[PDB]
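Enquirer: The structure that follows is given in the form of structure tokens.
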Amino acid sequence: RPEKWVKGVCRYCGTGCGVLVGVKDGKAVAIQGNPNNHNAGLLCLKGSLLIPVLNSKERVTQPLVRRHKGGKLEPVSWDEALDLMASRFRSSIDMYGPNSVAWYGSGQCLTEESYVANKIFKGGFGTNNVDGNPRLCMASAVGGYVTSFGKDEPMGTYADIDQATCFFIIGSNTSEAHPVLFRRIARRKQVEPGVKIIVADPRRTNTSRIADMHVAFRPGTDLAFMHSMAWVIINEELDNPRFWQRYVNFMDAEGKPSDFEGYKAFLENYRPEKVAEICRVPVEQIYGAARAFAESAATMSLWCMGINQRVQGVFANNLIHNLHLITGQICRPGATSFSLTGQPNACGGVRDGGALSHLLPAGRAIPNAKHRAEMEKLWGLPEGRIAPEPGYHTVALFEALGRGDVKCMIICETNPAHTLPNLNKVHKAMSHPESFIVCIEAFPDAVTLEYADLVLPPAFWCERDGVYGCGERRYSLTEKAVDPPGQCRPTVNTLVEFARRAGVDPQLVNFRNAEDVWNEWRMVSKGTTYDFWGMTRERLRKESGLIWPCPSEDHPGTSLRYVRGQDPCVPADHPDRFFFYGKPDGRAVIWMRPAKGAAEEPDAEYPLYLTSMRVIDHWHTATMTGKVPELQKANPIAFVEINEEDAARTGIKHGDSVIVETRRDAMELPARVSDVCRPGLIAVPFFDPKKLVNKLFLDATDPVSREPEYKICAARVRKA
Ligand SMILES: Nc1nc2c(c(=O)[nH]1)N[C@H]1C(S)=C(S)[C@@H](COP(=O)(O)OP(=O)(O)OC[C@H]3O[C@@H](n4cnc5c(=O)[nH]c(N)nc54)[C@H](O)[C@@H]3O)O[C@H]1N2
Ligand SMILES: Nc1nc2c(c(=O)[nH]1)N[C@H]1C(S)=C(S)[C@@H](COP(=O)(O)OP(=O)(O)OC[C@H]3O[C@@H](n4cnc5c(=O)[nH]c(N)nc54)[C@H](O)[C@@H]3O)O[C@H]1N2
Ligand code: SF4
Ligand SMILES: [Mo]
């Protein structure tokens, strides 16, 4: 049994379960749920089996160098490693200017690592080449929220699940991707059997088995589906005029102001009978979906990659918001429009802290001259040091690296050789013989390390302290539970030593530890609509998370954003009960987004939709969950899901080896034949480093958020 229990957060999903880590003689021996965090002491199996990961010996414990392109990683000292790193970076800026260097990070870094990296790069080096994996994930949700509400992140919280009466769950396999969360939704329907659940997803997954209605639409036709719901809502007088006349503005197909009648006329392009043919669904599912959504006392939408990993991701996020805006199912307990975040710290670390190429900390933006002044002042910089132009977004970043525009790059806590789309093209880029790539990486089996020129050994997870901000705006702290192995070091300290050594002004990285950097970041937030000044380390050790806005030490935090008398940002004497203060007139915005499709659509030559998905037993590239023997008893290897009736008609039997082929590559997989995939669709997981499916996917990006469309491309299938 454990001697003591150290409070933290699950290293996995954006559910952000609180965790308590039992240790004895400086060794983690047991894990349980934080009874006081939102998850109430529960953890899925992945969480429950984190100790063998934490305890694994197959770990990167010394710095390593690759002397030459295509050589072996050999041991180097931290001292030699650091000097190398700083000299290359500095020399590169010296020769070619700061846009020759870049940071590529992740919503798995602690908020403090991403904050310090973001600062070193944007303020130290003078480049906005800071990006990271949430570009590939949540950037559509950010676009959707900013264009609809004028501020990022949901206005609701997980606690809204306990109070919803209808759940519209689209582009989300909640059961496999947010298991504790899916249980809270399951529990809700079980408490109140009257609750309706609508699961919209081209696949039929476990998630749908608690659903009253499963809408298995044709990939890429969900926009049309959601306009059509709106048509049914307005047509049957189920909308909420008192809400929308006061709190909403309308924008037409061209983004010019419009009105309710324009909305009405625009929708006439999206009648149920027409849209049912397009979506390939019975028409009664549209009426069904729209009525459930609108007649329910409280409606909550939840969505994830099926909506965001899409050239039309921003628009699809807008369409989900339109449903809530036209009904006023929002700013109310149980009624809210709630984007699910995948990673544990995409929200806290990358979106809120602004660690993307076009962003600045705490809701500020690169193009915005006043915002840069705000930051030069806060970071004590000279005037005009923050570059006025966005850096490379992710796909354009690795394209930059391929042309040699970006010469030096740090990849931190991500596996881009495994997880970027269009891998053959990326791999060529990562092989630029004149590039210098530094991987900060814990597990030696990450495929990306095959490209590293230098590899640094980080402290993993609760081998050091730091903050995670999950999908519901909870900031939760993880304390230090064990010493890291070998020569592993907290990345926070690594970054500082890196910046001092590369000539960055040391006023800029004046941090001994994560506590220091958290205190400055509290300051940078103060008086913005993200203010978490009230979240001192003292409170975060005592509490199992606080939810922002949280502007002072006696503030409990905020459940409902935009609501008078619940969100400190809304003036007590604001004339009305709601205030979408992210728009200049306090009104949220319904957008008339034309419904299109995928960037690569099926045709005679490639007749099938290919999609890619999450599996419950493996987390992403499986460098962690793959260390846990019991997590292989279901899914050891990649497979392709094929539809029963597509299989019948083309002679494919279950278990059979087939080639899946797209324009970009071809690859053999055992076929798992069923009704999971609707007809015309095939699906693949991406956990297998021996089957790198991103070789198959195209690269095409939403033009506004620059998210890739991993969810749809055109494939064909053939018996091997
Ligand atoms: N076990 C496990 N859990 C995880 C993760 C993990 O790796 N493993 N990773 C975390 C992260 S970072 C993320 S981003 C989340 C992802 O969580 P999810 O987005 O919930 O999981 P996905 O399987 O990527 O996609 C969800 C569904 O979107 C569907 N979809 C495909 N095409 C379309 C379409 O045209 N429209 C719509 N509406 N839907 C479509 C797919 O069929 C898929 O079933 O999971 C998080 N949690
Ligand atoms: N085809 C397809 N591809 C996708 C998606 C999809 O739906 N389809 N989903 C996308 C989405 S939403 C996401 S979030 C991305 C995720 O893609 P990635 O972030 O590339 O996947 P992970 O396996 O989480 O990589 C995390 C890495 O961090 C390393 N690591 C763990 N702990 C530490 C630490 O303390 N320090 C350091 N330095 N490293 C550490 C792990 O060993 C691992 O190599 O994948 C994207 N890729
Ligand atoms: S649902 Fe996510 S945060 Fe909760 S224990 Fe499971 S993997 Fe971890
Ligand atoms: Mo993600």
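So for chain A, numbering is Swiss-Prot's, and the shown residues are 36-755, in order.
Determination method: X-ray crystallography, 2.5 Å.
Any Cβ shown, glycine's included, is placed from N, Cα and C.
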Enquirer: Given that Swiss-Prot lists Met648, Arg649, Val650, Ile651, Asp652, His653 as binding substrate, which residue among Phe613, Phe614, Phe721 does it place in the same site?
Expert: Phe721
Enquirer: Which one is closest to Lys81 (Mo-bis(molybdopterin guanine dinucleotide) binding site) in space, judged by CA to CA distance, out of the binding-site residues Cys45, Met648, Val650?
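Expert: Smallest Cα separation from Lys81 (Mo-bis(molybdopterin guanine dinucleotide) binding site) among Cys45, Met648, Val650: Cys45.
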Enquirer: Using CB under 6 Å from any atom of ligand 1, narrow the binding-site residues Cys52, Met648, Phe721 to the ones that qualify.
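Expert: Result: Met648.
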Enquirer: Expressed to the nearest Å, what is the distance separating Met648 (substrate binding site) and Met340 (Mo-bis(molybdopterin guanine dinucleotide) binding site) at their Cα atoms?
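Expert: Answer for this pair: 9 Å between alpha carbons.
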Enquirer: If you draw a 10 Å sphere on the Cβ of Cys79 ([4Fe-4S] cluster binding site), how many other Cβ atoms land inside?
Expert: 21
Enquirer: So which binding-site residues out of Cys45, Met340, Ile651, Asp652 are up against ligand 2, CB under 6 A?
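Expert: Only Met340 meet the Cβ criterion.
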Enquirer: What binding-site residues among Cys79, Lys81, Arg649 have a C-beta sitting less than 6 Å from any atom of ligand 3?
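Expert: Within range of ligand 3: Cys79, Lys81.
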Enquirer: Substrate site residues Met648, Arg649, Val650, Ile651, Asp652, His653, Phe721: biggest Cα-Cα distance, Å?
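Expert: Looking at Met648, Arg649, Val650, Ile651, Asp652, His653, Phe721 as a set, their Cα atoms extend up to 12 Å apart.
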Enquirer: Of the binding-site residues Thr209, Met340, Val650, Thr656, which one has its Cα closest to the Cα of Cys52 ([4Fe-4S] cluster binding site)?
Expert: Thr209
